[PDB]
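**Q** Submitted below is the structure of interest, expressed as structure tokens.
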Ligand SMILES: CCCCCCCCCCCCCCCCCC(=O)OC[C@H](COP(=O)([O-])OCC(O)COP(=O)([O-])OC[C@@H](COC(=O)CCCCCCCCCCCCCCCCC)OC(=O)CCCCCCCCCCCCCCCCC)OC(=O)CCCCCCCCCCCCCCCCC
Ligand SMILES: CCCCCCCCCCCCCCCCCC(=O)OC[C@H](COP(=O)([O-])OCC(O)COP(=O)([O-])OC[C@@H](COC(=O)CCCCCCCCCCCCCCCCC)OC(=O)CCCCCCCCCCCCCCCCC)OC(=O)CCCCCCCCCCCCCCCCC
Ligand SMILES: CCCCCCCCCCCCCCCCCC(=O)OC[C@H](COP(=O)(O)OCCN)OC(=O)CCCCCCCCCCCCCCCCC
Ligand SMILES: CCCCCCCCCCCCCCCCCC(=O)OC[C@H](COP(=O)(O)OCCN)OC(=O)CCCCCCCCCCCCCCCCC
Ligand SMILES: CCCCCCCCCCCCCCCCCC(=O)OC[C@H](COP(=O)(O)OCCN)OC(=O)CCCCCCCCCCCCCCCCC
Ligand SMILES: CCCCCCCCCCCCCCCCCC(=O)OC[C@H](COP(=O)(O)OCCN)OC(=O)CCCCCCCCCCCCCCCCC
Ligand SMILES: CCCCCCCCCCCCCCCCCC(=O)OC[C@H](COP(=O)(O)OCCN)OC(=O)CCCCCCCCCCCCCCCCC
Ligand SMILES: CCCCCCCCCCCCCCCCCC(=O)OC[C@H](COP(=O)(O)OCCN)OC(=O)CCCCCCCCCCCCCCCCC
């Protein structure tokens, strides 16, 4: 098979075993809540930017199958649009733009670097190594295109909090794009593109070892920090909250993969049936990825719903592992 | 040359650039002192034991050049003995045993995993890959032989701090060995040897990914933590304190490499002049390695000299980089 089903279980074992190590360390107070920030800061501000820069300068932008990127972008945009309109119609007038901003983000952007990358690395290294670069192209552009709309919706909600005649339409759009630019992923991707043009895709050997050393520690540290941040997050809550969680996680893990697959079918025109099928199966896998903790960080930053997002973030992690195993097994069975 | 001098400067750039990143993060309060413990716990309690286990189970104890190992431990023991007797003769009656316990440990135990391993990996990968395993054999055995004596001396100092007729010599030896056993580098090495025999040097593929994901995040994170703990450490001491610092750092970085080279000259019979020369150059390099932060941790645990060991630990790092560069150039010029 194009995707190695036999290597899928060891990769899942690695990822959720590091997550379990972090979870047990937090539960036993080996690493406390305050001490968790140091690992979080290192992995998000040093380990992730170095990896992003190294994978952005090296990337051959000319030899990129933009059809996969367009298909996944339109699938995510369609899911964003559907979730936004449904929430705006059904949510309580008190807070609709908050949900219509964060819920579509919850259901579209996923754990692509910490957890998504190891799975793609395991399944798509000896067959399709090009599939690894789409992790570093889909996610930054997804945060650069859909996240501005959600942040604008959250700023609109904050504006209803401070009711006034001054709409501040320019400021509302200004704040929404500013938060996207402030995120390390986006501006490190911009700098990586810049230095891909300046350095002509050749990172100097004087900084090669430094970049590898700072970027080879991301995967394990990010998985450990993910496990460490799940301590005391899943709490009992109302059954209306439970059903909206079920709908959101379903939209993320079944609806989003199916939509990604169908727009890949519509957009990707490949000479071979085999490579098109494998790319559609990858697009199915991209979406089985659980909700990124960045969504929880955004919810904490805006402080609008830090229980609906965080709980669904942790739960989708425990649902993604069975679904990804079941899906690929069902996708390698024929 | 046997060692790649052209690759030495990029390795130093990587190591001390991650150290500089950690230092600047600590100086700018990006990662605070309390937050640093979370990264410290991740490397010492999770990242280092996984790497030690993976490198202990895989290691083939049969194909090991014990001559280098014997030479280096005999050199470190000779330096330990010399420093111990000199300190016992010259130090003030008040704290002879504390200095005679920690100063010989300062001048023999070096940073072999965080800092030593990347350098040896850079200079001894395409030529002498066997040189990397000695890092994981010298350091544990050095910690299991010389460190017990130093801990016994510190327990003697603590005993005279609690002067009583019951010298409890059995307890003094018991605590000295117990501290070594409690160290992860020791009991993880024992477990790795045990599973090297049980698993016949074959780690299961199920846990290979987990171990290689938790152990590939050590070097960068450990260098970052070394830089992070360096903030606010170098402080002005007295002239006597400065001269004992100079003597200790010289014993560590010039005397110890020279003695190691001598024991390699004597206790090593090699078919080729070239391999013996390269291995003696390695033994010179081992000793140019700065004082391990574990020595400072031991000093903090015993709380006798937390300003003499720690300052010399930081200073030896900034002296090891010029010395290793100069020494490798001087060892590759002929
Ligand atoms: C071999 C030896 C070499 C190695 C030697 C050592 C290496 C250098 C070490 C220096 C740093 C070490 C210690 C860090 C602290 C010191 C200062 C600092 O960085 O503060 C960060 C500061 C720490 O404070 P904090 O309170 O903990 O964090 C708050 C956050 O900023 C939360 O955000 P906020 O709300 O507070 O917003 C503020 C933030 C928001 O950020 C901004 O506003 C800046 C970005 C805005 C947009 C920029 C895009 C520009 C586009 C250009 C063209 C693109 C084309 C497309 C155009 C777009 C059209 C669509 O701006 C800041 O003030 C912080 C960022 C500083 C400027 C960022 C840009 C450069 C830094 C990135 C690293 C180097 C890049 C390569 C440079 C090569 C030549 C020097 O914030 C961050 O951590 C920022 C996020 C991550 C950035 C990097 C941080 C450390 C960098 C070192 C490791 C990364 C690897 C480097 C890659 C390649 C380098 C070779
Ligand atoms: C693919 C999926 C698979 C992955 C799934 C998840 C993996 C498992 C995760 C479990 C742990 C996650 C969260 C950690 C916290 C939970 C409990 C815990 O471990 O607490 C540690 C506990 C945390 O508390 P703390 O207050 O922050 O630290 C205090 C320190 O212990 C400071 O020392 P102290 O003064 O407080 O002394 C107390 C310490 C002192 O330690 C002792 O007294 C124990 C050692 C004494 C001597 C043992 C030598 C035995 C020699 C046998 C034969 C050798 C032949 C030669 C004979 C000698 C003759 C010369 O004893 C303890 O209570 C702590 C150590 C616990 C037992 C250590 C032995 C086993 C654990 C090591 C990892 C697994 C090994 C492979 C096992 C394979 C089958 C299960 O301390 C440590 O961190 C200990 C140091 C490092 C040990 C490992 C810690 C986490 C292990 C997970 C990552 C390591 C990689 C595993 C390698 C291979 C595994 C496949
Ligand atoms: C049910 C499905 C999930 C679990 C699958 C099976 C897990 C087996 C774990 C075996 C680990 C052996 C290590 C020692 C564990 C026992 C001692 C310990 O530290 O307890 C862990 C914790 C209780 O901690 P506590 O008792 O508060 O503090 C410790 C001192 N008493 O006890 C716990 O709460 C352990 C964690 C259980 C729930 C974890 C859910 C999130 C973890 C990430 C996803 C699942 C990853 C694990 C499964 C896949 C493995 C790759
Ligand atoms: C509008 C709302 C937001 C939508 C965002 C959609 C993604 C935008 C990303 C930036 C632009 C990427 C596309 C630029 C190429 C020109 C248009 C195109 O798609 O042509 C692709 C062409 C290959 O020919 P074709 O058959 O068309 O492609 C089939 C795909 N396998 O290939 C080429 O012509 C390649 C030539 C250019 C190669 C270097 C490109 C570097 C600059 C892009 C870096 C990333 C910037 C991201 C910005 C996104 C902003 C939202
Ligand atoms: C173009 C017009 C199209 C119109 C279509 C017809 C109407 C919609 C039919 C399909 C509905 C699908 C989603 C069902 C959502 C149910 C939510 C729920 O049970 O809680 C909502 C409730 C708010 O109050 P409610 O009971 O809705 O009272 C009426 C409001 N005036 O509880 C609350 O207070 C919580 C509010 C939060 C609601 C969040 C909604 C999230 C939606 C997730 C959708 C997932 C994907 C669905 C689409 C799949 C196919 C692409
Ligand atoms: C003199 C020899 C050592 C230094 C060699 C040259 C270092 C050049 C550094 C360039 C780094 C550029 C990044 C931005 C630095 C300027 C802004 C900053 O954050 O300052 C760093 C620090 C002052 O921090 P502070 O001002 O308190 O807080 C920041 C906000 N004002 O300023 C400092 O104190 C910086 C650290 C200087 C001393 C570091 C000594 C230990 C570092 C590890 C060993 C040396 C590693 C560097 C050399 C080799 C590089 C691989
Ligand atoms: C006195 C104070 C303590 C001194 C400590 C010094 C280091 C001790 C480390 C453990 C024992 C290692 C030596 C065991 C081998 C028997 C003696 C020996 O050195 O023989 C080496 C022999 C090769 O033949 P030869 O020519 O003698 O070696 C030349 C070196 N290139 O090769 C062989 O015979 C190899 C056969 C055995 C291979 C498996 C060994 C596994 C067990 C050791 C694991 C490490 C345990 C460390 C314990 C240290 C305790 C302080
Ligand atoms: C069999 C007989 C052999 C006789 C050989 C010759 C005798 C030795 C001659 C040289 C002596 C050098 C002494 C260096 C220290 C000078 C200060 C001193 O002696 O005072 C004792 C000092 C007092 O304590 P202190 O805290 O410094 O002062 C009180 C106020 N703060 O105490 C201290 O705290 C400092 C004690 C010094 C600790 C370090 C000593 C060893 C340093 C490494 C030496 C490496 C090179 C040795 C030769 C290698 C050969 C292979």
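Here, residue 1 is simply the first one shown, and the rest follow in order.
Method of determination (from the header): electron microscopy, 2.7 Å.
For all residues, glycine too, the Cβ spot is worked out from N, Cα and C.
Pasting the feature list from Swiss-Prot:
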type	residues	note
CARBOHYD	A:275	N-linked glycosylation site
TOPO_DOM	A:26-45	topological domain 'Cytoplasmic'
TOPO_DOM	A:67-70	topological domain 'Lumenal'
TOPO_DOM	A:92-99	topological domain 'Cytoplasmic'
TOPO_DOM	A:121-133	topological domain 'Lumenal'
TOPO_DOM	A:155-179	topological domain 'Cytoplasmic'
TOPO_DOM	A:201-209	topological domain 'Lumenal'
TOPO_DOM	A:231-239	topological domain 'Cytoplasmic'
TOPO_DOM	A:261-281	topological domain 'Lumenal'
TOPO_DOM	A:303-312	topological domain 'Cytoplasmic'
TRANSMEM	A:5-25	transmembrane segment
TRANSMEM	A:46-66	transmembrane segment
TRANSMEM	A:71-91	transmembrane segment
TRANSMEM	A:100-120	transmembrane segment
TRANSMEM	A:134-154	transmembrane segment
TRANSMEM	A:180-200	transmembrane segment
TRANSMEM	A:210-230	transmembrane segment
TRANSMEM	A:240-260	transmembrane segment
TRANSMEM	A:282-302	transmembrane segment
TRANSMEM	A:313-333	transmembrane segment
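Tell me what's around each of these sites.
**A** Non-local contacts of residue A:275 (N-linked glycosylation site) by the CB criterion (under 8 A, 6+ apart in sequence, same chain) comprise A:2, A:128. The DSSP secondary structure for residue A:275 (N-linked glycosylation site) is helix.
Long-range contacts of the topological domain 'Cytoplasmic' (A:26-45) within its own chain (CB-CB distance under 8 A, at least 6 residues past either end) are made by residues 184, 217-218, 221-222, 224-225, 227-231.
Secondary structure of the topological domain 'Cytoplasmic' (A:92-99) per DSSP (helix as H, G, I; strand as E, B; remaining residues coil): 3 helix, 0 strand, 5 coil.
Here the topological domain 'Lumenal' (A:121-133) has, by DSSP, the following mix of helix, strand and coil residues: 7 helix, 0 strand, 6 coil.
Proximity of distant same-chain residues to the topological domain 'Cytoplasmic' (A:155-179), defined by a Cβ-Cβ separation under 8 Å and at least 6 residues beyond the stretch ends, is recorded for 95, 97-98, 101, 147-149, 301-302, 304.
The list of residues near the topological domain 'Lumenal' (A:201-209) in space but at least 6 beyond its ends in sequence, with Cβ under 8 angstroms from a Cβ of it, reads 54, 57-60, 195.
Each residue of the topological domain 'Cytoplasmic' (A:231-239) gets a DSSP state, and the totals for helix, strand and coil are 1 helix, 0 strand, 8 coil.
Here the topological domain 'Lumenal' (A:261-281) has Cβ contacts under 8 Å with residues 2-3, 65, 67-68, 70-72, 74-75, 78, 127-128, 131, 328, 331 of the same chain, all six or more residues outside its ends.
Secondary structure counts, DSSP: the topological domain 'Cytoplasmic' (A:303-312) has 5 helix, 0 strand, 5 coil.
Remote same-chain partners of the transmembrane segment (A:5-25), defined as residues 6 or more beyond its termini with a Cβ less than 8 Å from a stretch Cβ, comprise 31, 115, 118-119, 121-123, 220, 223-231, 317, 321, 324-325, 328-329, 332.
Within the chain, the transmembrane segment (A:46-66) has long-range Cβ neighbours (under 8 A, six or more residues past its boundaries) at 113, 130, 133, 136-137, 140, 184-185, 188-189, 191-193, 195-196, 199, 201, 203, 210-212, 214-215, 217-218, 221-222, 268, 279.
Here the transmembrane segment (A:134-154) has Cβ contacts under 8 Å with residues 52, 55-56, 59, 64, 68-69, 72-73, 76-77, 80, 84, 97-98, 100-102, 104-105, 108-110, 112-113, 116-117, 120, 172-173, 175-177, 179-180, 183, 185-186, 189, 282, 286, 294, 298, 302, 304 of the same chain, all six or more residues outside its ends.
Sequence-remote contacts of a segment are chain residues at least 6 beyond its ends whose Cβ falls under 8 Å from one of its Cβ atoms, and for the transmembrane segment (A:180-200) they are 44-45, 48-49, 52-59, 61, 136, 139-140, 143-144, 147-148, 151, 294.
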**Q** For the topological domain 'Cytoplasmic' (A:155-179), how many residues does DSSP put in helix, in strand and in coil?
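**A** The breakdown for the topological domain 'Cytoplasmic' (A:155-179) reads 18 helix, 0 strand, 7 coil.
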**Q** Among A:71-91, A:210-230, A:282-302, A:313-333, which stretch has the highest count of C-beta pairs below 8 Å with the transmembrane segment (A:100-120)?
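**A** Ranking A:71-91, A:210-230, A:282-302, A:313-333 by Cβ pairs under 8 Å to the transmembrane segment (A:100-120) puts A:282-302 first.
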**Q** Give residue numbers and ranges for long-range contacts of the transmembrane segment (A:71-91): same chain, 6 or more residues beyond its ends, CB-CB under 8 A.
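**A** Contacts with the transmembrane segment (A:71-91): 97, 99-100, 103-105, 107-109, 134, 138, 141-142, 145-146, 149-150, 153, 248, 251, 255-256, 259-260, 262-264, 266-268, 283, 286-287.
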**Q** What else in the chain is close to the topological domain 'Lumenal' (A:121-133), if you only count residues 6 or more beyond its ends and a Cβ gap under 8 Å?
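**A** That would be 2-4, 7-8, 10-11, 55, 59, 64-65, 275, 278-279, 282, 285, 328.
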**Q** May I ask for the residues of the chain that lie six or more residues beyond the topological domain 'Cytoplasmic' (A:303-312) and have a Cβ under 8 Å from a Cβ within it?
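**A** Here the qualifying positions are 95, 98-99, 102-103, 106, 154, 157, 233-235, 237, 241, 244-245, 248-249, 252, 291, 295-296.
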